[PDB]
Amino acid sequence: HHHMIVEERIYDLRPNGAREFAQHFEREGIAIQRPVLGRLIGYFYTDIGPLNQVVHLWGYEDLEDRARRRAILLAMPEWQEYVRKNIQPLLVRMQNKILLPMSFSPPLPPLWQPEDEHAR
């Protein structure tokens, strides 16, 4: 897997907040974020377990790759405003982990290309 890593991000939201969260991301947010970060493995909300939670997993070639990409995203005024206006009010708690794939785990997703965005 050549030092590939996966960041799992886990956000606890205000009660019944996941629906608006996903609405913002599908309409606006994921077009900002996915081209920059690159390799979305999955973006979910919880149905059974800890409720009002969003779970998303992103693949990077290594930690440096993650660092460079998250800094580019963080420096985007469009991203900053999008979060401030739409997502910030829904947040309660945030946690992340760095996950390393076992040898039989699937390979990294390919990088999101602008043709993928046009295909949505």
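Throughout, we count residues from 1 along the sequence that is shown.
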Inset, instruction - Quick one: say whether 64-72 or 36-44 has the higher mean Cα B-factor in the deposited entry. - result: 64-72
Inset, instruction - Using the B-factors recorded in the PDB entry, average over the C-alpha atoms of 75-83 and of 45-53, then report which stretch comes out higher. - result: 75-83
Legend entry - Record-listed C-alpha B factor of residue 18: chain third: middle
Inset, instruction - Using the B-factors in the PDB entry, rank residue 102's C-alpha atom against the chain and give the third, lowest, middle or highest. - result: middle
